[PDB]
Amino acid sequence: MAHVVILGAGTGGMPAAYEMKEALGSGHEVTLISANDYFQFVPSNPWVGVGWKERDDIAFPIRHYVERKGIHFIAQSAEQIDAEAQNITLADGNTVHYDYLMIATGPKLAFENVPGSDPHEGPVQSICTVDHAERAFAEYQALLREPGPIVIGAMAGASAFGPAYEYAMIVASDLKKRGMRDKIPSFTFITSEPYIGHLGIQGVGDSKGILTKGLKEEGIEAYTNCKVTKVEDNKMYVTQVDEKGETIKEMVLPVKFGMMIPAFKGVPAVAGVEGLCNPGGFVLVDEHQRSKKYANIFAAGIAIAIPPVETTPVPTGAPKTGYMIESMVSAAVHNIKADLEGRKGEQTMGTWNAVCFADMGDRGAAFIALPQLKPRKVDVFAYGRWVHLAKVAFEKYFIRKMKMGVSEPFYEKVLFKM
């Protein structure tokens, strides 16, 4: 009977495919469609960007692992979605009909917001994708051959601030390990955050003080409330505002090596569905992950819309992170299954939370924050070896699971208790 399509094979989409097939069984067709033929473990990208990891450590071909599970895989980008006819048009012009569609397309990296900021058009690189992280590293090596000013940070509208700090810190660390640090004219951190360690979540534990001291310790000069208007002639044009939005300065910073986390928007094939998304291209869903306009469209991951709780001097967004994403996936699968069986599924993603782990080498920083608005129930920022062991363990676990299959509540990791 019912044909369920999962669009996008990333952090939410890959497990979604397995969980979907596992829940529906042999009487239903599950098809996974994605723009790339390989899965990549995104949290490892910053390390790739500094050459501490290789593509081969963090990426692998999808086909065999999902097909052996009875899942169909189309390594093709969706270009157009007709929600009325329920047809997806692929890059190669073929079309795929669906009865249920689960959108897990992740972020469009919106380099267009800042002219000249695209990794291919200037010195400002990116570590959001393994492709980009490889490019970043390559440029980093050029920096090593001809030392120059470094600029790392997060654009206006960014939501993934952790990766910016992680990358700045591991770059400094790598520079030192190479006895190359003191050869750098200047190393500067530019962020749209209202203050250091805001992280798009109004700060967590002592994120402010600890990240502030960390940057200072590494001789990284830091500026907040910044937006970049353009990257041009290897200069970054920065405007810094006050709490009221008024300009308080403009800077022109030269860049030999740069990495700025861009704003995320929804991908075009999805943003292009009339009435499906908010103006940023994010899918508007109810608490059950069901599209508010189309009863047979669900969504999970960065792709869904989550309303802001704060309005910062420079536009910033709140991060969507792995544990909450899996919780969205789990609800979507349950609720589609319920549709395929009469009921309206009642499962939700649960309490909003942000969880992030960043490895520095032998130790790391991690935070856990919930719910979204303060006063919170848990508001922890921690640094230690346990964080490094956690991150290493989790990468290994997730990757193995993406090869072996996922049947169950993803975090039996909480069995290290029992």
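Each residue number is its position in the shown sequence, starting from 1.
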So which stretch wins on mean C-alpha B-factor, 361 to 369 or 52 to 60? 52 to 60
Stretch with the higher entry mean CA B-factor, where the candidates are 304 to 312 and 172 to 180: 172 to 180
Among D286, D339, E193, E274 - the residue whose C-alpha B-factor is largest in the record: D339
Selection by C-alpha B-factor (highest) of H198, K216, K108, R290: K216
Could you look up the Cα B-factor of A299 in the entry and say which third of the chain it sits in: lowest, middle or highest? lowest
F73, C-alpha B-factor rank within chain (lowest, middle or highest third): middle
How does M418 rank on Cα B-factor within its chain, lowest, middle or highest third? highest
Considering every modelled residue of the chain and its Cα B-factor in the PDB entry, is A2 in the lowest, middle or highest third? highest
Compare the C-alpha B factor of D379 with those of the other modelled residues in its chain, then answer lowest, middle or highest third. lowest
